[PDB]
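Peer 1: any chance you can model this:
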Amino acid sequence: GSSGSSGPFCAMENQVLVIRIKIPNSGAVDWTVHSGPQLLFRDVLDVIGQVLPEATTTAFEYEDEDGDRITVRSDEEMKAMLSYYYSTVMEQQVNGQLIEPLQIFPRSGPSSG
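Peer 2: Numbers count the residues shown, from 1 in each chain. And now the structure:
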């Protein structure tokens, strides 16, 4: 996680984040994320690792506006994925419909050295 919290409070203006890891033939798990903004790529992998311990991940995908399923292989992509969720989430609120969980998929592959 975040080494060096210094103060068990966790500040955040925007509501917490909820990541929905698409589980293989087992529904999906919701990773209660409070540091939606203060989230790193590794963190995700650090979490997923607990979700799919028998199935590596490293990276993950997330449906965008055109539901083209993006790919996050670098913190860069992450900030992006989050940049969309919030850009869309806020839109889901102004509209009315309830907000949806950041539907992500643990890119599990065969290789794993």
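Peer 1: which parts of this structure are helices?
Peer 2: 41-51, 75-95 (DSSP state H).
Peer 1: most packed of the ones you listed?
Peer 2: Counting by mean count of other Cβ atoms under 10 Å, helix 41-51 has the highest mean neighbour count of the helices of the chain, with a mean of 17. In this view, the C-beta of every residue, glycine as well, is placed from N, C-alpha and C.
Peer 1: how far off helix 75-95 does that helix point, in degrees?
Peer 2: If you take axes from the mean of the first three to the mean of the last three Cα atoms, to 10 degrees, helix 41-51 sits at 80 degrees to helix 75-95.
Peer 1: mind giving me the packing neighbours of helix 41-51?
Peer 2: In terms of contacts (3 or more Cβ pairs under 8 Å, 6 or more residues apart in numbering; DSSP states H and E), helix 41-51 is packed against strand 17-22, strand 28-33, helix 75-95, strand 102-106.
Peer 1: can I get the ones you listed in JSON lines including distance to residue 112?
Peer 2: Listed next are the helices and strands packed on helix 41-51 as JSON lines, based on distance: least, Cβ to Cβ, whole Å:
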{"stretch": "strand 17-22", "distance to residue 112": "18"}
{"stretch": "strand 28-33", "distance to residue 112": "21"}
{"stretch": "helix 75-95", "distance to residue 112": "21"}
{"stretch": "strand 102-106", "distance to residue 112": "12"}
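Peer 1: what pairs with the residue positioned nearest the centre of the chain across the strands?
Peer 2: Nearest residue to the geometric centre of the chain (Cα atoms, centre = their mean): residue 19, 4.3 Å. For residue 19, the beta-bridge partners are residue 31, residue 102 (DSSP bridges).
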